[PDB]
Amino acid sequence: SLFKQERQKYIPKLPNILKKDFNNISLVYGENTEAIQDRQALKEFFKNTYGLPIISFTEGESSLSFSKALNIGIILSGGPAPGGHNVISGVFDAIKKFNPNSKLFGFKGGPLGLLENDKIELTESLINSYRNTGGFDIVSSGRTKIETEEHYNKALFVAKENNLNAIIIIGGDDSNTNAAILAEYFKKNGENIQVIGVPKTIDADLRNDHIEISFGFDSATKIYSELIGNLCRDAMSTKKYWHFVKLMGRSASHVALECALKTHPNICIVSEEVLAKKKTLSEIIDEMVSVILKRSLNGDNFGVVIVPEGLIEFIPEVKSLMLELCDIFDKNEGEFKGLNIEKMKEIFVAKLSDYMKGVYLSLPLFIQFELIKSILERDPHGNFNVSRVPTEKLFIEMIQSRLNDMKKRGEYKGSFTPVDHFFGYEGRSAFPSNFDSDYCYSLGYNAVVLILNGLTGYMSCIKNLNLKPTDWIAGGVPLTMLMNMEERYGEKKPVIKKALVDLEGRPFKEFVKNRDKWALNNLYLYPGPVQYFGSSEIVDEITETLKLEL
């Protein structure tokens, strides 16, 4: 692509501190840390790495933990987010500045590549061709979980066979749970193998007071918001369509909320608020039908609706239903064996309580099947496949009935022509914005400096992300501080706690202040394509979420 050729030339921007000679970068030690919850149980699990302090960088003469060339292994883990390839080019450049004989190995297909020792050397020309591109496709990714002594030995072995000083893991809450646990295992067995994590995810559910945002979120919400903008403007143009847009975002509504603040849709559902008010499915339907009715009465027979794809895990009744289908499947593992959807399910309907079966058979037939598969297709970390559940079609179907029932009684004169959308996969491997491009490159560059100071069990961290990159602050966040205890697949396991929308936070407060105006009026915003050439103001733009929060 001609675009591709030019964008490959962009020089990502570092924090001023990371431009210094590496033995002129010294550490500032902050407060020791606690886990978020289950501190007691996490301290006894993380014997060697619990309670590590926040690390900041500042200028000063400081001696490094290596004199000779580094060997670094690196993994792309989980679903892709725009910018991963810049984390890698940042890492590559940093180790080369340290010692030109340093070598970077990329393991293939996620953490599984590490367990099976399936790698490639990441060389200067290879890394050149990926600079500033989207995708994880330089080595590919995967969702393999590392949780057993067997996994840990193979990792140790494979790290030792490749003469690695450190492993950098780029991923979300799941991948960095691997990272924290793996660092503990190494330090526990006196292994001199360092483990650094990098905060990747479009969901933006990996963050805290120190990690201001995960990478990729900026790029993905910009792409989603333009498309949603375009649907709003097409709805205004024809005055006839109701668009229902499902967005990726399994466990949290950061993506939906950002897109709402960008576009001003007539309806955006926030899963977290749904849960807090213990809303039911039909209550949500009533609140959307209501908006649809008042708009039809203003002559507006059209609108745009956003719905987070993980909404079904925040409706307590539907959450219950899925957890029961789970349990019903965990034990009857045998009957299910070689049966089909049609019959896999007769058993389910049969093994459900009258209460849940009543909830279940209340759902449209196609939704019933989909929920089945969502439970079958859990990932290694025990995530339900929700992307796969057509929640926005569940809404459409249930709304149509409700509107028919009201046309029946002459209480709805209107014209309801729904259209469904799901924006998700087309945002994960897009070209990263300038923001994610600088942020990812800095993350990877920063990780090597943490490594050169002998740190392990840290998340690469870059603060003040709302300022010009030059003024960014660099350092490290201990992984254990983001963690709690959580029942996965039946067991109570130590994991990184996903960060959901703060219902007390400014992004949400701000949505709440306006969402009523946006419902009955047409105050759509129309964001454009991401730009990579032109005014810094346009090119280096950031998310509304990040402006409101910092």
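Numbering starts at 1 and runs along the sequence shown.
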Residue stretch of maximal mean CA temperature factor, 25 to 33 vs 489 to 497: 489 to 497
Selected stretch [higher average CA B-factor]: 449 to 457 or 403 to 411: 403 to 411
Residue of maximum C-alpha B factor among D205, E377, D436, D234, per deposited coordinates: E377
From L247, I181, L275, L325, residue of greatest CA B-factor: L325
Among modelled residues of the same chain, the CA temperature factor third for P12: lowest
Within-chain third of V530 by Cα B-factor, per the entry: lowest
Cα B factor band for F98 (lowest, middle or highest third within the chain): middle
Third of chain Cα B-factors occupied by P469: middle
Chain-relative CA temperature factor third for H151: highest
